[PDB]
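Below is one structure, written out as structure tokens; comments come after it.
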Amino acid sequence: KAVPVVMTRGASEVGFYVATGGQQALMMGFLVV
Amino acid sequence: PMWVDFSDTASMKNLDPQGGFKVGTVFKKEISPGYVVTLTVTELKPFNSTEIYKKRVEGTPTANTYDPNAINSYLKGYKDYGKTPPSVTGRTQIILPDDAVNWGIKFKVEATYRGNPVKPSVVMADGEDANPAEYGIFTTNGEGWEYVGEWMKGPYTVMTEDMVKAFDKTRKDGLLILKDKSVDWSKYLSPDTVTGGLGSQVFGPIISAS
């Protein structure tokens, strides 16, 4: 329940791909400086 | 780190018949004073349709398995294979609400300050947990992925074929996902075995801690 978080700066396109016997899910957010 | 409330329909527009996401569907919200982000779905296809996949599988016995017209599907040899799965959706977390699917989604990302375009910084994470062969990949077209901590050796560990071969010999009946030899699941693994692809544009499948 502590999940690893990665970031990309300067993206205008961003993708998420899943293949699983079960189910996965996506959280997405922004950093504002 | 402002996470996106994909449930807040007041910020969403152009949702599909099932209230989920389709191409053209848009999330738009003032995330902080002056600052507006706009996420628009540009694509709903799985990983085996990507250039990234294409380059990985190219010039190897599984090149022919690149399929640019693949759609979001049930895994072959599962009880609903050929039935069209449900729309992806929020209604704090986006998820395709049904088991045994090879899917994917792309978003256009835009951001404004006081009405002027600006360079957005985006963070991503898998909400669910994953064992081997439960594959979760993140792609970007911006700067390479950096780890920024966690949200409550390892902090995470990278999924491998040695790691998947095992777990396969455990499900007893065999792992469903791997039966389907029409897709090279070996190539869903990140080739960056050290980290899972930091410094790069694709943060290939990890496994979350205990």
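Amide hydrogen proximity for B:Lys29: with H placed 1.01 Å from N in the peptide plane, the residues at 5 or more positions away or on another chain lying under 5 Å are B:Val37. Residues within the reach of a label modelled at B:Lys108 (point 7 angstrom out along Cα to beta-carbon, backbone nitrogen below 16 Å), restricted to region B:7-39, are B:13-15, B:22-29, B:37-39. Across region B:197-210, computed HN-Hα scalar couplings (Karplus, 6.51 cos²θ - 1.76 cosθ + 1.60, θ = phi - 60°) run x, 6, x, 10, 9, 9, 9, x, x, 9, 10, 7, 5, 9 Hz from first to last residue, x flagging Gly and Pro.
If r is the Cβ-Cβ distance from B:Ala10 to B:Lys169 and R0 is 41 Å, what FRET efficiency results, to the nearest 0.05?
Given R0 = 41 Å and the Cβ-Cβ separation, E is 0.25.
Residue by residue, region B:16-27 carries 3J(HN,Hα) couplings of 7, x, 7, x, x, 9, 9, 5, x, 4, 9, 10 Hz when phi is fed to the Karplus relation 6.51 cos²θ - 1.76 cosθ + 1.60 (θ = phi - 60°); x denotes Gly or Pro.
With only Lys, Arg, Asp and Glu charged, each at its Cβ (+1 for the first two, -1 for the last two), find how big the charge dipole of region B:1-47 is about the Cα centre; round to the nearest 20 debye.
Values: 5 positive and 5 negative charges, 25 e Å.
For this selection, approximately 120 debye.
For B:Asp129 and B:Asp98, the difference between the fully extended length at 0.36 nm per residue and the C-alpha to C-alpha distance is 9.6 nm. Applied to region B:41-46, the Karplus parametrisation 6.51 cos²θ - 1.76 cosθ + 1.60 on θ = phi - 60° returns per-residue 3J(HN,Hα) values of 6, 9, 6, 10, 9, x Hz, with x for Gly and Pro. Kindly identify region B:37-125 as rounded, prolate or oblate by the Cα gyration tensor criterion: order the square roots of the eigenvalues as a ≥ b ≥ c, call it rounded if a/c is under 1.5, otherwise compare a/b with b/c, prolate if a/b is larger, else oblate. Oblate is the answer for region B:37-125, as a/c is 1.5 or above yet b/c matches or exceeds a/b. Charging the Cβ of each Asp and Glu at -1 and of each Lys and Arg at +1, and nothing else, the dipole of the protein assembly as shown about its Cα centre rounds to 260 debye.
Spin-label model, B:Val118/B:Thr60: points 7 Å from Cα along the beta carbon direction are separated by 4.2 nm.
Methodologically, a virtual Cβ is constructed for each residue, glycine included, from the backbone with ideal geometry; neighbour enumeration extends over all protein chains shown. Taken together, the values in this text are just the output of simple stated rules run on the coordinates, not laboratory data.
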